[PDB]
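**Student:** My questions will all concern the structure given below.
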Amino acid sequence: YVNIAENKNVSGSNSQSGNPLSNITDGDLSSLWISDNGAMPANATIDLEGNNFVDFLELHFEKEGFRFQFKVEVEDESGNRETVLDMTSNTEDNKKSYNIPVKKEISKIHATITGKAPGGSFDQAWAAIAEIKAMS
Ligand SMILES: [Ca+2]
């Protein structure tokens with residue numbers, strides 16, 4: 001597979017110094033975007049520059065065990081925006097990473113961390129994403 005998201009422009013909400021939005025598409029699963037002052041909601045958008053077939057996305061967090069509530073949406077050149085993964089009511093431990101089928105042409109990826117459920121090992125963690133890949 002080829003990660004067509006790699007080095008694509010990331011826009012979105014404010015970031016902690018040292019942990020910019022650009023860390024979402026740098027290809028490094030260890031480099032993070034972290035929301036500034038741990039603000040929620042926090043959001044990131046990847047511009048794929050026009051419509052590109054995407055088989056699936058991968059959303060990577062720093063490590064397993066957060067309890068973020070989040071959603072992933074895709075959009076085409078049309079303006080048709082659509083939710084592909086909705087974990088906004090999540091209360092359980094999160095996996096380290098999520099595969100998400102798309103199987104169509106898309107032009108943008110939108111990730112939003114809307115909240116966090118109580119408990120687990122990292123209950124004061126700030127909203128943060130290690131990587132989003134778009135495989136074709
Ligand atoms: Ca990264």
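Simple scheme: letters A, B, ... for chains in structure tokens order, numbers from 1 for residues in each chain, numbers from 1 for ligands in the order shown.
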List all protein, DNA and RNA residues that have any atom at most 7 Å from ligand 1, counting only C-alpha atoms and all ligand atoms, and write the list as a list in words.

**Tutor:**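 Residues lying within 7 Å of ligand 1: residues 23, 24, 25, 26, 27, 28, 29, 30, 31, 32, 130 and 131 of chain A.
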
**Student:** So that I can check the surroundings of region 50-55 of chain A, please list as an mmCIF file with N, CA, C and O atoms, in the first residue's frame every protein, DNA and RNA residue that reaches within 12 Å of it, counting only C-alpha atoms and ignoring chain neighbours fewer than 3 positions away.

**Tutor:**
```cif
data_model
loop_
_atom_site.group_PDB
_atom_site.id
_atom_site.type_symbol
_atom_site.label_atom_id
_atom_site.label_comp_id
_atom_site.auth_asym_id
_atom_site.auth_seq_id
_atom_site.Cartn_x
_atom_site.Cartn_y
_atom_site.Cartn_z
ATOM 1 N N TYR A 1 0.845 -1.269 0.000
ATOM 2 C CA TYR A 1 0.000 0.000 0.000
ATOM 3 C C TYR A 1 0.847 1.272 0.000
ATOM 4 O O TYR A 1 1.951 1.298 0.548
ATOM 5 N N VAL A 2 0.310 2.320 -0.616
ATOM 6 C CA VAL A 2 0.944 3.641 -0.619
ATOM 7 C C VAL A 2 0.108 4.591 0.250
ATOM 8 O O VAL A 2 -1.097 4.702 0.091
ATOM 9 N N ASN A 3 0.776 5.270 1.167
ATOM 10 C CA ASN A 3 0.146 6.292 2.006
ATOM 11 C C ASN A 3 0.088 7.631 1.280
ATOM 12 O O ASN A 3 1.039 8.425 1.330
ATOM 13 N N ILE A 4 -1.028 7.900 0.622
ATOM 14 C CA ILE A 4 -1.173 9.135 -0.110
ATOM 15 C C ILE A 4 -1.402 10.356 0.747
ATOM 16 O O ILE A 4 -1.412 11.462 0.238
ATOM 17 N N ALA A 5 -1.599 10.160 2.060
ATOM 18 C CA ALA A 5 -1.667 11.282 3.005
ATOM 19 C C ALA A 5 -0.309 11.812 3.395
ATOM 20 O O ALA A 5 -0.234 12.911 3.957
ATOM 21 N N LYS A 8 0.990 15.575 3.131
ATOM 22 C CA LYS A 8 -0.127 16.433 2.753
ATOM 23 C C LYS A 8 -0.381 17.441 3.889
ATOM 24 O O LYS A 8 -0.150 17.170 5.067
ATOM 25 N N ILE A 46 -6.896 16.971 6.793
ATOM 26 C CA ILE A 46 -5.847 16.681 5.818
ATOM 27 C C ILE A 46 -6.423 16.989 4.420
ATOM 28 O O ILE A 46 -7.491 16.517 4.067
ATOM 29 N N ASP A 47 -5.690 17.794 3.658
ATOM 30 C CA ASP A 47 -6.023 18.115 2.276
ATOM 31 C C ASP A 47 -5.249 17.193 1.301
ATOM 32 O O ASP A 47 -4.017 17.291 1.173
ATOM 33 N N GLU A 58 -5.834 4.791 8.240
ATOM 34 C CA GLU A 58 -5.379 4.364 9.533
ATOM 35 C C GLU A 58 -5.292 5.601 10.420
ATOM 36 O O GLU A 58 -4.606 6.571 10.075
ATOM 37 N N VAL A 74 -14.894 11.993 5.952
ATOM 38 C CA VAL A 74 -14.232 12.219 4.674
ATOM 39 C C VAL A 74 -15.117 13.129 3.859
ATOM 40 O O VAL A 74 -16.310 13.278 4.137
ATOM 41 N N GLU A 75 -14.499 13.775 2.886
ATOM 42 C CA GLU A 75 -15.197 14.686 2.004
ATOM 43 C C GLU A 75 -14.610 14.529 0.620
ATOM 44 O O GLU A 75 -13.450 14.261 0.495
ATOM 45 N N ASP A 76 -15.456 14.669 -0.399
ATOM 46 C CA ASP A 76 -15.004 14.711 -1.793
ATOM 47 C C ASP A 76 -14.992 16.148 -2.341
ATOM 48 O O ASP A 76 -15.312 17.082 -1.649
ATOM 49 N N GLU A 77 -14.578 16.333 -3.592
ATOM 50 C CA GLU A 77 -14.521 17.682 -4.197
ATOM 51 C C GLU A 77 -15.902 18.324 -4.244
ATOM 52 O O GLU A 77 -16.044 19.572 -4.339
ATOM 53 N N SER A 78 -16.915 17.474 -4.246
ATOM 54 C CA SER A 78 -18.309 17.854 -4.234
ATOM 55 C C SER A 78 -18.724 18.706 -3.065
ATOM 56 O O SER A 78 -19.644 19.540 -3.198
ATOM 57 N N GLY A 79 -18.047 18.559 -1.924
ATOM 58 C CA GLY A 79 -18.606 19.070 -0.677
ATOM 59 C C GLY A 79 -19.370 17.976 0.098
ATOM 60 O O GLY A 79 -19.848 18.204 1.202
ATOM 61 N N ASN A 80 -19.558 16.800 -0.502
ATOM 62 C CA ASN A 80 -20.167 15.700 0.248
ATOM 63 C C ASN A 80 -19.203 15.248 1.380
ATOM 64 O O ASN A 80 -18.207 14.571 1.094
ATOM 65 N N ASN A 99 -8.176 1.051 11.789
ATOM 66 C CA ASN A 99 -8.361 1.020 10.341
ATOM 67 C C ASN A 99 -9.816 1.407 10.042
ATOM 68 O O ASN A 99 -10.721 1.056 10.789
ATOM 69 N N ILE A 100 -10.024 2.162 8.964
ATOM 70 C CA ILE A 100 -11.368 2.638 8.606
ATOM 71 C C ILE A 100 -11.535 2.472 7.086
ATOM 72 O O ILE A 100 -10.850 3.148 6.323
ATOM 73 N N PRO A 101 -12.509 1.655 6.639
ATOM 74 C CA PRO A 101 -12.701 1.546 5.203
ATOM 75 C C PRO A 101 -13.292 2.820 4.614
ATOM 76 O O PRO A 101 -14.161 3.495 5.211
ATOM 77 N N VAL A 102 -12.840 3.156 3.410
ATOM 78 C CA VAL A 102 -13.382 4.273 2.647
ATOM 79 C C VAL A 102 -13.884 3.770 1.277
ATOM 80 O O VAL A 102 -15.087 3.826 0.995
ATOM 81 N N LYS A 103 -12.952 3.247 0.467
ATOM 82 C CA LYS A 103 -13.264 2.537 -0.778
ATOM 83 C C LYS A 103 -13.955 3.448 -1.788
ATOM 84 O O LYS A 103 -14.872 3.030 -2.554
ATOM 85 N N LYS A 104 -13.427 4.665 -1.892
ATOM 86 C CA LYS A 104 -13.952 5.641 -2.832
ATOM 87 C C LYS A 104 -12.993 6.795 -2.978
ATOM 88 O O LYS A 104 -12.048 6.923 -2.194
ATOM 89 N N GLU A 105 -13.261 7.672 -3.947
ATOM 90 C CA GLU A 105 -12.489 8.882 -4.134
ATOM 91 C C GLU A 105 -12.893 9.907 -3.074
ATOM 92 O O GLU A 105 -14.076 10.229 -2.885
ATOM 93 N N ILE A 106 -11.878 10.442 -2.401
ATOM 94 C CA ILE A 106 -12.041 11.525 -1.435
ATOM 95 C C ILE A 106 -10.965 12.552 -1.614
ATOM 96 O O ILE A 106 -9.903 12.274 -2.160
ATOM 97 N N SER A 107 -11.244 13.767 -1.131
ATOM 98 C CA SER A 107 -10.298 14.865 -1.240
ATOM 99 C C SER A 107 -9.811 15.404 0.103
ATOM 100 O O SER A 107 -8.799 16.108 0.147
ATOM 101 N N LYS A 108 -10.566 15.159 1.176
ATOM 102 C CA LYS A 108 -10.165 15.599 2.533
ATOM 103 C C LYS A 108 -10.525 14.557 3.563
ATOM 104 O O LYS A 108 -11.497 13.825 3.396
ATOM 105 N N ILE A 109 -9.769 14.580 4.660
ATOM 106 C CA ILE A 109 -10.020 13.723 5.853
ATOM 107 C C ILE A 109 -10.145 14.669 7.024
ATOM 108 O O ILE A 109 -9.291 15.542 7.177
ATOM 109 N N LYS A 133 -2.974 7.924 8.116
ATOM 110 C CA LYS A 133 -2.574 7.457 6.800
ATOM 111 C C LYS A 133 -3.815 7.226 5.946
ATOM 112 O O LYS A 133 -4.886 6.902 6.455
ATOM 113 N N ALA A 134 -3.643 7.379 4.628
ATOM 114 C CA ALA A 134 -4.703 7.086 3.653
ATOM 115 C C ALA A 134 -4.080 6.170 2.629
ATOM 116 O O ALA A 134 -3.199 6.583 1.867
ATOM 117 N N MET A 135 -4.494 4.910 2.661
ATOM 118 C CA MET A 135 -3.868 3.880 1.840
ATOM 119 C C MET A 135 -4.606 3.655 0.555
ATOM 120 O O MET A 135 -5.828 3.472 0.552
ATOM 121 N N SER A 136 -3.849 3.591 -0.536
ATOM 122 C CA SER A 136 -4.388 3.076 -1.794
ATOM 123 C C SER A 136 -3.351 2.147 -2.503
ATOM 124 O O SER A 136 -2.223 1.841 -1.948
#
```

**Student:** Among region 38-107 of chain A, which residues carry a DSSP assignment of strand (DSSP E), reported as a PyMOL selection string?

**Tutor:** chain A and resi 42-60+68-75+81-87+97-107

**Student:** Set the distance at 10 Å and use only C-alpha atoms: which residues neighbour residue 37 (chain A) once local chain neighbours fewer than 3 positions away are removed? I'd like the list as a PyMOL selection string.

**Tutor:** chain A and resi 14-17+34+40+126-127

**Student:** Env of residue 10 (chain A): 6 Å cut, atoms = only C-alpha atoms, seq-sep filter 6 positions within chain, self excluded. Answer as a list in words.

**Tutor:**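 These residues fall inside the cut-off: residues 21, 22, 45 and 46 of chain A.
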
**Student:** Would you kindly return, as number ranges by chain, each protein, DNA or RNA residue with an atom no farther than 9 Å from any atom of residue 117 (chain A), considering only C-alpha atoms and excluding same-chain residues fewer than 4 positions away?

**Tutor:** A: 66-69, 89-92, 123

**Student:** Which residue is closest to residue 41 (chain A)? Choose from A:60, A:96, A:81, A:71 and count only C-alpha atoms.

**Tutor:**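 Nearest to residue 41 (chain A): A:71.
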
**Student:** For residue 116 (chain A), which residue among A:12, A:38, A:49, A:63 is the nearest when counting only C-alpha atoms?

**Tutor:**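 So, comparing all the options, the nearest one is A:38.
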
**Student:** Between A:57, A:87, A:48, A:132, which has the minimum distance to residue 114 (chain A) (counting only C-alpha atoms)?

**Tutor:**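 When distances to residue 114 (chain A) are compared using only C-alpha atoms, the smallest one comes from A:87.
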
**Student:** So what do you get for CA of residue 122 (chain A) versus CA of residue 18 (chain A), distance-wise?

**Tutor:**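 Between CA of residue 122 (chain A) and CA of residue 18 (chain A) the gap works out to 20.6 Å.
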
**Student:** So what do you get for CA of residue 115 (chain A) versus CA of residue 70 (chain A), distance-wise?

**Tutor:**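 We find that CA of residue 115 (chain A) and CA of residue 70 (chain A) lie 7.0 Å from each other.
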